[PDB]
file entry-v1.csv (CSV, N, CA and C atoms and all ligand atoms)
chain,number,residue,atom,x,y,z
I,1,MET,N,0.7,-1.3,0.0
I,1,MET,CA,0.0,0.0,0.0
I,1,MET,C,0.8,1.3,0.0
I,2,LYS,N,0.4,2.1,-1.0
I,2,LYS,CA,1.0,3.4,-1.2
I,2,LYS,C,0.3,4.6,-0.5
I,3,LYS,N,1.1,5.6,-0.2
I,3,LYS,CA,0.5,6.8,0.4
I,3,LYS,C,-0.1,7.6,-0.7
I,4,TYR,N,-1.0,8.4,-0.5
I,4,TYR,CA,-1.6,9.2,-1.5
I,4,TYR,C,-1.6,10.6,-1.1
I,5,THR,N,-1.4,11.7,-1.8
I,5,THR,CA,-1.6,13.0,-1.3
I,5,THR,C,-2.7,13.8,-1.9
I,6,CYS,N,-3.4,14.6,-1.1
I,6,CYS,CA,-4.3,15.5,-1.6
I,6,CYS,C,-3.6,16.6,-2.3
I,7,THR,N,-3.9,16.8,-3.7
I,7,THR,CA,-3.0,17.7,-4.4
I,7,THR,C,-3.5,19.1,-4.2
I,8,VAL,N,-4.6,19.3,-3.4
I,8,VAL,CA,-5.0,20.6,-3.1
I,8,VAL,C,-4.4,21.2,-1.9
I,9,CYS,N,-4.2,20.4,-0.8
I,9,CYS,CA,-3.7,21.0,0.4
I,9,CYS,C,-2.4,20.3,0.9
I,10,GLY,N,-2.0,19.1,0.3
I,10,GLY,CA,-0.8,18.5,0.7
I,10,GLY,C,-1.0,17.4,1.8
I,11,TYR,N,-2.2,17.3,2.4
I,11,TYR,CA,-2.5,16.1,3.3
I,11,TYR,C,-2.2,14.8,2.7
I,12,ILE,N,-1.5,13.9,3.4
I,12,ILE,CA,-1.1,12.6,2.9
I,12,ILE,C,-1.9,11.5,3.5
I,13,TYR,N,-2.5,10.7,2.7
I,13,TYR,CA,-3.2,9.6,3.3
I,13,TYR,C,-2.2,8.5,3.3
I,14,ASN,N,-2.0,8.0,4.6
I,14,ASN,CA,-1.1,6.9,4.8
I,14,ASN,C,-1.9,5.7,5.1
I,15,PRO,N,-1.8,4.6,4.4
I,15,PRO,CA,-2.7,3.4,4.5
I,15,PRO,C,-2.3,2.7,5.9
I,16,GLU,N,-1.1,2.9,6.5
I,16,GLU,CA,-0.8,2.3,7.8
I,16,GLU,C,-1.7,2.9,8.9
I,17,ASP,N,-2.0,4.2,8.8
I,17,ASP,CA,-2.7,4.8,9.8
I,17,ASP,C,-4.2,4.9,9.4
I,18,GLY,N,-4.6,4.8,8.1
I,18,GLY,CA,-6.0,5.1,7.8
I,18,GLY,C,-6.5,6.4,8.1
I,19,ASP,N,-7.7,6.6,8.3
I,19,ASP,CA,-8.3,7.9,8.7
I,19,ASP,C,-9.3,7.5,9.7
I,20,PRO,N,-9.0,7.0,10.9
I,20,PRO,CA,-10.0,6.2,11.7
I,20,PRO,C,-11.1,7.2,12.2
I,21,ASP,N,-10.9,8.5,12.4
I,21,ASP,CA,-11.9,9.4,12.8
I,21,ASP,C,-13.2,9.5,11.9
I,22,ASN,N,-12.9,9.2,10.7
I,22,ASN,CA,-13.9,9.2,9.6
I,22,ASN,C,-14.2,7.8,9.1
I,23,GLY,N,-13.8,6.8,9.8
I,23,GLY,CA,-14.2,5.5,9.6
I,23,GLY,C,-13.4,4.8,8.6
I,24,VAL,N,-12.1,5.2,8.4
I,24,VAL,CA,-11.3,4.5,7.6
I,24,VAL,C,-10.2,3.9,8.5
I,25,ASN,N,-10.2,2.6,8.6
I,25,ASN,CA,-9.3,2.0,9.5
I,25,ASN,C,-7.9,1.8,9.0
I,26,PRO,N,-7.0,1.8,9.9
I,26,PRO,CA,-5.6,1.4,9.6
I,26,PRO,C,-5.6,0.1,8.7
I,27,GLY,N,-4.7,0.2,7.6
I,27,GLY,CA,-4.6,-0.9,6.7
I,27,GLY,C,-5.6,-0.7,5.5
I,28,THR,N,-6.5,0.3,5.4
I,28,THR,CA,-7.3,0.4,4.2
I,28,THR,C,-6.5,1.0,3.0
I,29,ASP,N,-6.4,0.3,2.0
I,29,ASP,CA,-5.7,0.8,0.8
I,29,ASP,C,-6.5,2.0,0.3
I,30,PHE,N,-6.0,3.0,-0.3
I,30,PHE,CA,-6.8,4.2,-0.7
I,30,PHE,C,-7.9,3.8,-1.7
I,31,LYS,N,-7.7,2.8,-2.6
I,31,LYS,CA,-8.6,2.4,-3.6
I,31,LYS,C,-9.8,1.8,-2.9
I,32,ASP,N,-9.7,1.3,-1.6
I,32,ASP,CA,-10.8,0.7,-0.9
I,32,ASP,C,-11.5,1.7,0.0
I,33,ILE,N,-11.1,2.9,0.2
I,33,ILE,CA,-11.7,4.0,1.0
I,33,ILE,C,-13.1,4.3,0.3
I,34,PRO,N,-14.3,4.4,1.0
I,34,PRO,CA,-15.6,4.7,0.4
I,34,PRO,C,-15.4,5.9,-0.5
I,35,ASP,N,-16.0,5.9,-1.7
I,35,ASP,CA,-15.8,7.1,-2.6
I,35,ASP,C,-16.4,8.4,-2.3
I,36,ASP,N,-17.1,8.5,-1.2
I,36,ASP,CA,-17.7,9.7,-0.6
I,36,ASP,C,-16.8,10.3,0.5
I,37,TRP,N,-15.7,9.6,1.0
I,37,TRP,CA,-14.7,10.2,1.9
I,37,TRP,C,-14.0,11.4,1.2
I,38,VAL,N,-13.7,12.4,2.0
I,38,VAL,CA,-13.1,13.6,1.6
I,38,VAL,C,-11.8,13.8,2.5
I,39,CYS,N,-10.9,14.7,2.0
I,39,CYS,CA,-9.7,14.9,2.6
I,39,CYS,C,-10.0,15.4,4.0
I,40,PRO,N,-9.4,14.9,5.1
I,40,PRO,CA,-9.8,15.4,6.5
I,40,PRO,C,-9.4,16.9,6.7
I,41,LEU,N,-8.4,17.3,5.8
I,41,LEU,CA,-7.9,18.7,5.9
I,41,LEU,C,-8.7,19.7,5.2
I,42,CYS,N,-8.8,19.6,3.8
I,42,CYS,CA,-9.4,20.6,3.1
I,42,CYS,C,-10.9,20.3,2.6
I,43,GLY,N,-11.3,18.9,2.7
I,43,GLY,CA,-12.6,18.6,2.4
I,43,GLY,C,-12.8,18.3,1.0
I,44,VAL,N,-11.8,18.2,0.1
I,44,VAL,CA,-12.1,18.0,-1.3
I,44,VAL,C,-12.3,16.4,-1.5
I,45,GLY,N,-12.8,15.9,-2.6
I,45,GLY,CA,-12.9,14.4,-2.7
I,45,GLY,C,-11.6,13.7,-3.2
I,46,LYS,N,-11.8,12.5,-3.2
I,46,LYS,CA,-10.8,11.6,-3.6
I,46,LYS,C,-10.2,11.9,-5.0
I,47,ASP,N,-11.0,12.5,-5.9
I,47,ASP,CA,-10.4,12.7,-7.3
I,47,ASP,C,-9.3,13.7,-7.3
I,48,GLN,N,-9.0,14.5,-6.2
I,48,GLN,CA,-7.9,15.4,-6.1
I,48,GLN,C,-6.7,14.7,-5.5
I,49,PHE,N,-6.6,13.4,-5.3
I,49,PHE,CA,-5.5,12.7,-4.7
I,49,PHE,C,-4.7,12.0,-5.7
I,50,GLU,N,-3.4,11.9,-5.5
I,50,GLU,CA,-2.6,11.2,-6.4
I,50,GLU,C,-1.6,10.3,-5.6
I,51,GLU,N,-1.4,9.1,-6.0
I,51,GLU,CA,-0.4,8.2,-5.5
I,51,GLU,C,0.9,8.9,-5.4
I,52,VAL,N,1.5,8.7,-4.2
I,52,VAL,CA,2.8,9.3,-4.0
I,52,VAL,C,3.7,8.1,-4.6
I,53,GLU,N,4.4,8.2,-5.7
I,53,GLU,CA,5.2,7.0,-6.2
I,53,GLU,C,6.7,6.8,-5.7
M,101,FE,FE,-6.8,18.2,1.1
call {"tool": "encode", "arguments": {"input": "entry-v1.csv", "output": "structure tokens"}}
result
Amino acid sequence: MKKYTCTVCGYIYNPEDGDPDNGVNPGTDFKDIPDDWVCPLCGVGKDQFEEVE
């Protein structure tokens, strides 16, 4: 699992940590995050994120 960054605000989704406050548990791959989840920082959707390669 890769980290992904919100290209609008620079928030990094790290799959080891998930986003548990918003119901994304540690170990969720980004592609498995429900498609209505938004960046916890700026609130934009998933389509503004890019795999950190
Ligand atoms: Fe963001």
call {"tool": "residues_around", "arguments": {"input": "entry-v1.csv", "residues": "stretch 4-7 of chain I", "least_positions_apart": "4", "cutoff": "12 Å", "atoms": "only C-alpha atoms", "output": "compact mmCIF listing (two decimals) with N, CA and C atoms, in the coordinates of the input"}}
result
# COMPACT_ATOMS: atom_id res chain seq x y z
N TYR I 11 -2.20 17.30 2.40
CA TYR I 11 -2.50 16.10 3.30
C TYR I 11 -2.20 14.80 2.70
N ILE I 12 -1.50 13.90 3.40
CA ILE I 12 -1.10 12.60 2.90
C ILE I 12 -1.90 11.50 3.50
N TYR I 13 -2.50 10.70 2.70
CA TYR I 13 -3.20 9.60 3.30
C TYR I 13 -2.20 8.50 3.30
N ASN I 14 -2.00 8.00 4.60
CA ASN I 14 -1.10 6.90 4.80
C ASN I 14 -1.90 5.70 5.10
N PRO I 15 -1.80 4.60 4.40
CA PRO I 15 -2.70 3.40 4.50
C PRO I 15 -2.30 2.70 5.90
N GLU I 16 -1.10 2.90 6.50
CA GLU I 16 -0.80 2.30 7.80
C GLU I 16 -1.70 2.90 8.90
N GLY I 18 -4.60 4.80 8.10
CA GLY I 18 -6.00 5.10 7.80
C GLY I 18 -6.50 6.40 8.10
N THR I 28 -6.50 0.30 5.40
CA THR I 28 -7.30 0.40 4.20
C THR I 28 -6.50 1.00 3.00
N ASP I 29 -6.40 0.30 2.00
CA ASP I 29 -5.70 0.80 0.80
C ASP I 29 -6.50 2.00 0.30
N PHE I 30 -6.00 3.00 -0.30
CA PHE I 30 -6.80 4.20 -0.70
C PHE I 30 -7.90 3.80 -1.70
N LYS I 31 -7.70 2.80 -2.60
CA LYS I 31 -8.60 2.40 -3.60
C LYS I 31 -9.80 1.80 -2.90
N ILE I 33 -11.10 2.90 0.20
CA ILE I 33 -11.70 4.00 1.00
C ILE I 33 -13.10 4.30 0.30
N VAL I 38 -13.70 12.40 2.00
CA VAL I 38 -13.10 13.60 1.60
C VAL I 38 -11.80 13.80 2.50
N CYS I 39 -10.90 14.70 2.00
CA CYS I 39 -9.70 14.90 2.60
C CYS I 39 -10.00 15.40 4.00
N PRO I 40 -9.40 14.90 5.10
CA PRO I 40 -9.80 15.40 6.50
C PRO I 40 -9.40 16.90 6.70
N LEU I 41 -8.40 17.30 5.80
CA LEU I 41 -7.90 18.70 5.90
C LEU I 41 -8.70 19.70 5.20
N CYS I 42 -8.80 19.60 3.80
CA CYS I 42 -9.40 20.60 3.10
C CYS I 42 -10.90 20.30 2.60
N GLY I 43 -11.30 18.90 2.70
CA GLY I 43 -12.60 18.60 2.40
C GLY I 43 -12.80 18.30 1.00
N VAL I 44 -11.80 18.20 0.10
CA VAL I 44 -12.10 18.00 -1.30
C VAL I 44 -12.30 16.40 -1.50
N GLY I 45 -12.80 15.90 -2.60
CA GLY I 45 -12.90 14.40 -2.70
C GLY I 45 -11.60 13.70 -3.20
N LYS I 46 -11.80 12.50 -3.20
CA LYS I 46 -10.80 11.60 -3.60
C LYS I 46 -10.20 11.90 -5.00
N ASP I 47 -11.00 12.50 -5.90
CA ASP I 47 -10.40 12.70 -7.30
C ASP I 47 -9.30 13.70 -7.30
N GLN I 48 -9.00 14.50 -6.20
CA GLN I 48 -7.90 15.40 -6.10
C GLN I 48 -6.70 14.70 -5.50
N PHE I 49 -6.60 13.40 -5.30
CA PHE I 49 -5.50 12.70 -4.70
C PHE I 49 -4.70 12.00 -5.70
N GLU I 50 -3.40 11.90 -5.50
CA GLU I 50 -2.60 11.20 -6.40
C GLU I 50 -1.60 10.30 -5.60
N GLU I 51 -1.40 9.10 -6.00
CA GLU I 51 -0.40 8.20 -5.50
C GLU I 51 0.90 8.90 -5.40
N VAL I 52 1.50 8.70 -4.20
CA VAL I 52 2.80 9.30 -4.00
C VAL I 52 3.70 8.10 -4.60
N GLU I 53 4.40 8.20 -5.70
CA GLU I 53 5.20 7.00 -6.20
C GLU I 53 6.70 6.80 -5.70
call {"tool": "closest_residue", "arguments": {"input": "entry-v1.csv", "among": "I:20, I:26, I:37, I:32", "to": "ligand FE 101 (chain M)", "atoms": "only C-alpha atoms and all ligand atoms"}}
result
I:37
call {"tool": "select_by_dssp", "arguments": {"input": "entry-v1.csv", "residues": "chain I", "states": "strand (DSSP E or B)", "output": "number ranges by chain"}}
result
I: 4-6, 12-13, 19, 24, 38, 45, 49-51
call {"tool": "atom_distance", "arguments": {"input": "entry-v1.csv", "atom1": "atom CA of residue I:21", "atom2": "atom CA of residue I:3"}}
result
17.7 Å
call {"tool": "atom_distance", "arguments": {"input": "entry-v1.csv", "atom1": "atom CA of residue I:2", "atom2": "atom FE of ligand FE 101 (chain M)"}}
result
16.9 Å
call {"tool": "closest_residue", "arguments": {"input": "entry-v1.csv", "among": "I:24, I:8, I:36, I:1", "to": "ligand FE 101 (chain M)", "atoms": "only C-alpha atoms and all ligand atoms"}}
result
I:8
call {"tool": "atom_distance", "arguments": {"input": "entry-v1.csv", "atom1": "atom N of residue I:22", "atom2": "atom CA of residue I:35"}}
result
13.8 Å
call {"tool": "select_by_dssp", "arguments": {"input": "entry-v1.csv", "residues": "chain I", "states": "helix (DSSP H, G or I)", "output": "VMD selection string"}}
result
chain I and resid 20 to 22 30 to 32 46 to 48
call {"tool": "build_atoms", "arguments": {"input": "entry-v1.csv", "residues": "stretch 21-36 of chain I", "atoms": "N, CA, C and O atoms", "output": "PDB file, keeping the file's coordinate frame"}}
result
ATOM      1  N   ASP I  21     -10.900   8.500  12.400  1.00  0.00           N
ATOM      2  CA  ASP I  21     -11.900   9.400  12.800  1.00  0.00           C
ATOM      3  C   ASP I  21     -13.200   9.500  11.900  1.00  0.00           C
ATOM      4  O   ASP I  21     -14.319   9.754  12.329  1.00  0.00           O
ATOM      5  N   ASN I  22     -12.900   9.200  10.700  1.00  0.00           N
ATOM      6  CA  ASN I  22     -13.900   9.200   9.600  1.00  0.00           C
ATOM      7  C   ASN I  22     -14.200   7.800   9.100  1.00  0.00           C
ATOM      8  O   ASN I  22     -14.768   7.681   8.052  1.00  0.00           O
ATOM      9  N   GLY I  23     -13.800   6.800   9.800  1.00  0.00           N
ATOM     10  CA  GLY I  23     -14.200   5.500   9.600  1.00  0.00           C
ATOM     11  C   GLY I  23     -13.400   4.800   8.600  1.00  0.00           C
ATOM     12  O   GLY I  23     -13.815   3.718   8.056  1.00  0.00           O
ATOM     13  N   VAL I  24     -12.100   5.200   8.400  1.00  0.00           N
ATOM     14  CA  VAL I  24     -11.300   4.500   7.600  1.00  0.00           C
ATOM     15  C   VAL I  24     -10.200   3.900   8.500  1.00  0.00           C
ATOM     16  O   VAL I  24      -9.337   4.553   9.069  1.00  0.00           O
ATOM     17  N   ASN I  25     -10.200   2.600   8.600  1.00  0.00           N
ATOM     18  CA  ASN I  25      -9.300   2.000   9.500  1.00  0.00           C
ATOM     19  C   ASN I  25      -7.900   1.800   9.000  1.00  0.00           C
ATOM     20  O   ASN I  25      -7.612   1.711   7.734  1.00  0.00           O
ATOM     21  N   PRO I  26      -7.000   1.800   9.900  1.00  0.00           N
ATOM     22  CA  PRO I  26      -5.600   1.400   9.600  1.00  0.00           C
ATOM     23  C   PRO I  26      -5.600   0.100   8.700  1.00  0.00           C
ATOM     24  O   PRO I  26      -6.328  -0.879   8.852  1.00  0.00           O
ATOM     25  N   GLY I  27      -4.700   0.200   7.600  1.00  0.00           N
ATOM     26  CA  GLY I  27      -4.600  -0.900   6.700  1.00  0.00           C
ATOM     27  C   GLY I  27      -5.600  -0.700   5.500  1.00  0.00           C
ATOM     28  O   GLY I  27      -5.604  -1.492   4.603  1.00  0.00           O
ATOM     29  N   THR I  28      -6.500   0.300   5.400  1.00  0.00           N
ATOM     30  CA  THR I  28      -7.300   0.400   4.200  1.00  0.00           C
ATOM     31  C   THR I  28      -6.500   1.000   3.000  1.00  0.00           C
ATOM     32  O   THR I  28      -5.856   2.079   3.147  1.00  0.00           O
ATOM     33  N   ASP I  29      -6.400   0.300   2.000  1.00  0.00           N
ATOM     34  CA  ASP I  29      -5.700   0.800   0.800  1.00  0.00           C
ATOM     35  C   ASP I  29      -6.500   2.000   0.300  1.00  0.00           C
ATOM     36  O   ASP I  29      -7.734   1.977   0.443  1.00  0.00           O
ATOM     37  N   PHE I  30      -6.000   3.000  -0.300  1.00  0.00           N
ATOM     38  CA  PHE I  30      -6.800   4.200  -0.700  1.00  0.00           C
ATOM     39  C   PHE I  30      -7.900   3.800  -1.700  1.00  0.00           C
ATOM     40  O   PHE I  30      -8.991   4.459  -1.673  1.00  0.00           O
ATOM     41  N   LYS I  31      -7.700   2.800  -2.600  1.00  0.00           N
ATOM     42  CA  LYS I  31      -8.600   2.400  -3.600  1.00  0.00           C
ATOM     43  C   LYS I  31      -9.800   1.800  -2.900  1.00  0.00           C
ATOM     44  O   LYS I  31     -10.903   1.773  -3.502  1.00  0.00           O
ATOM     45  N   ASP I  32      -9.700   1.300  -1.600  1.00  0.00           N
ATOM     46  CA  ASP I  32     -10.800   0.700  -0.900  1.00  0.00           C
ATOM     47  C   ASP I  32     -11.500   1.700   0.000  1.00  0.00           C
ATOM     48  O   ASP I  32     -12.496   1.327   0.565  1.00  0.00           O
ATOM     49  N   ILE I  33     -11.100   2.900   0.200  1.00  0.00           N
ATOM     50  CA  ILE I  33     -11.700   4.000   1.000  1.00  0.00           C
ATOM     51  C   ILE I  33     -13.100   4.300   0.300  1.00  0.00           C
ATOM     52  O   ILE I  33     -13.130   4.437  -0.930  1.00  0.00           O
ATOM     53  N   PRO I  34     -14.300   4.400   1.000  1.00  0.00           N
ATOM     54  CA  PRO I  34     -15.600   4.700   0.400  1.00  0.00           C
ATOM     55  C   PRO I  34     -15.400   5.900  -0.500  1.00  0.00           C
ATOM     56  O   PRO I  34     -14.838   6.949  -0.022  1.00  0.00           O
ATOM     57  N   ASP I  35     -16.000   5.900  -1.700  1.00  0.00           N
ATOM     58  CA  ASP I  35     -15.800   7.100  -2.600  1.00  0.00           C
ATOM     59  C   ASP I  35     -16.400   8.400  -2.300  1.00  0.00           C
ATOM     60  O   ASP I  35     -16.190   9.428  -2.972  1.00  0.00           O
ATOM     61  N   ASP I  36     -17.100   8.500  -1.200  1.00  0.00           N
ATOM     62  CA  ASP I  36     -17.700   9.700  -0.600  1.00  0.00           C
ATOM     63  C   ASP I  36     -16.800  10.300   0.500  1.00  0.00           C
ATOM     64  O   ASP I  36     -17.155  11.310   1.094  1.00  0.00           O
TER      65      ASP I  36
END
